[PDB]
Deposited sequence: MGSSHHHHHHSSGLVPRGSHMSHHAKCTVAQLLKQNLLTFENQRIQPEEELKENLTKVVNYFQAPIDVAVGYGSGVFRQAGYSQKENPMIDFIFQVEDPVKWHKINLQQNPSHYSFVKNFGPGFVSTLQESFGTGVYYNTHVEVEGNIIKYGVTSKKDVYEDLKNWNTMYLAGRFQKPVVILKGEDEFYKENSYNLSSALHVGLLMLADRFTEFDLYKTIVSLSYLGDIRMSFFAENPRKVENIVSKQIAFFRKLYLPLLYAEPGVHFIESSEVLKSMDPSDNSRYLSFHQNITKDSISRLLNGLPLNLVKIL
């Protein structure tokens, strides 16, 4: 619609996180998620097969107990898994060791007429990262546009503080004048190595600017309301511009002024998940 509409979103009901695809695509992704009978608490779609305009579709399943989750899923979907064999001596992992921590991926899996890759991880591990940034490896993925296909309201609540913290890190890094393009590129930079480390994508990493410009409408929807709520941040463009601006439009970028006094920088710093006591 318009950028002005995006400034009217209700943060208190997480409206800036409520990214959902078109009805038909959504139906397909939902059918994929529901195909799994092992209980998925939060299901995430992300990547080129979710944000379009054939390709493998990327998912994350946040589950209550991964060991048990894989026990069930090994019975229902045994051919989704491929294990390393014992060639030589050991490298023998237990259920808890291989499944209990991190993101475990089954890749190039056919589910309901789609080729998919899904990573399974502990919901508890994710929520702790969203709250404290223990590593930010999981949190960083959720500072950028994703689609929550299941457990939406529960997840959005846990993620709002992660998103506003990423904005605050951006504000700490940027000068008193910046464009929204500078902001989103800065925010993407924060998680760029973490996405590589976690193998969220089987394809080559992308250029930071291409990431931002392809998803410009979703970065605006997430962060413009947070900018609007932020004391000391001033939108420079007039009400007229913001009502004439399509969120999908890359041809011009909003500009801002922020307070960069010492007291302001101290409050940004001390509100970070890294600095909570």
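Query raised in the report: Where along the deposited sequence are residues missing from the model?
Result: Residues lacking C-alpha coordinates: 1 to 26, 80 to 86, 311 to 313.
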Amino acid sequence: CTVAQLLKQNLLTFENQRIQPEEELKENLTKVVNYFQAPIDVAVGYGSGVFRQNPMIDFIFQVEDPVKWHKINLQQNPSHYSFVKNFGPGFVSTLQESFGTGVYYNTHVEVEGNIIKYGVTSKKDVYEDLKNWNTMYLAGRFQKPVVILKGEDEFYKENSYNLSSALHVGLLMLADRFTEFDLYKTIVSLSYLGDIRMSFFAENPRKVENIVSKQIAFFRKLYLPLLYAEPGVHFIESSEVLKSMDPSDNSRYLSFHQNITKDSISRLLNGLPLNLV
From here on, numbers count along this sequence of modelled residues.
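Query raised in the report: Got a sec? Mean C-alpha B-factor, which is higher, 87 to 95 or 118 to 126?
Result: Of 87 to 95 and 118 to 126, the stretch with the higher C-alpha B-factor average is 87 to 95.
Requested in this report: With reference to the PDB entry, specify whether the mean Cα temperature factor is higher for 201 to 209 or for 137 to 145.
Outcome: Higher of the two, by average CA B-factor, is 201 to 209.
Report task. Please pick out which of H70, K214, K221, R252 has the largest Cα B-factor as recorded in the entry. Result -> Across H70, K214, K221, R252, the entry lists the biggest C-alpha B-factor for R252.
Query - Per the PDB entry, maximal CA B factor within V63, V241, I60, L226 - result: Of the candidates given, the C-alpha B-factor peaks at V241.
Query - Third assignment of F51 from its chain's C-alpha B-factors - result: Highest third, going by the recorded CA B-factors of the chain.
Query raised in the report: C-alpha B factor of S191, ranked within the chain: lowest, middle or highest third?
Result: For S191, the deposited C-alpha B-factor lands in the lowest third.
Query raised in the report: Going by the entry, which third of its chain does the Cα temperature factor of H108 land in?
Result: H108: CA B-factor falls in the highest third of its chain.
Report task. Rank-wise, by C-alpha B-factor, drop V32 into the lowest, middle or highest third of its chain. Result -> Middle third.
Query raised in the report: Looking at the C-alpha B-factor of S165, is it in the lowest, middle or highest third of its chain?
Result: Lowest third.
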